């Protein structure tokens, strides 16, 4: 049921000037669209969705975790910490840090939560526990964004991202209350309006998490999409490019998402 209908991904990535990786699954039928789906791409900020899921998994055994207040110093505030910079003098709860990491891609929040889990290896361990053998987080923010060609650090594949996203948002990897909280955080993301969401009709629910490394044309988005009247679709779109100064393209990500939905026969 993979690639029953061919779509012009090669032309798209040639127009972009790099590589595009796509994996999309119709959870009703199991039909899939797959293009470079098992290649590694840098995660960039997109690890923060899985980070929040790992926090929620821990909260299943720690009823007080989400409302625990976390104070932090000015040295925690790295580039692009738009929420946590406004609460430097007060602190925020674990749940607020999680929401900020997901919905505003807040870098200081992500590092604080990584510390709670035992660092990149602790998040990687959570991903292993749900059956993901591809994901690896190796470094903290901001070092994880280097996006070096051929470097497997801080990467996954579009397929493994989609499979893990499906387990966490629709499957049984989280308990039902935590699953719905993860979905609600993704639905409230503010950074993805020009990526997968731009390919999705406004009357369909979407949750997503973006990433943009800042070099090597490297940027991405993954999402769960609920078309009305049919089963949800899960998909991931990742990009990279050969030159350090190559720019990312939001339009290419939206275009790739459109081709994925077309390949699944989903009328938008």
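Positions refer to the first chain, counted from 1.
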Name the higher of the two by mean Cα B-factor in the PDB entry, 109-117 versus 157-165.
109-117
Comparing 70-78 with 189-197, the higher average Cα temperature factor in the PDB entry belongs to 70-78
Pick out which of 217, 211, 64, 49 has the highest C-alpha B-factor in the PDB entry.
64
Check the PDB entry and point out which of 128, 139, 179, 136 has the largest C-alpha temperature factor.
179
Temperature factor at the Cα of residue 22, chain-ranked in thirds, falls in the lowest
Using the temperature factors of the C-alpha atoms in this entry, rank residue 149 within its chain: lowest, middle or highest third.
lowest
Ranked by Cα temperature factor within the chain, is residue 235 in the lowest third, the middle third or the highest third?
lowest
Would the CA B-factor of residue 98 place it in the lowest, middle or highest third of its chain?
lowest
Entry-reported C-alpha B-factor of residue 173 relative to its chain, by third, is highest
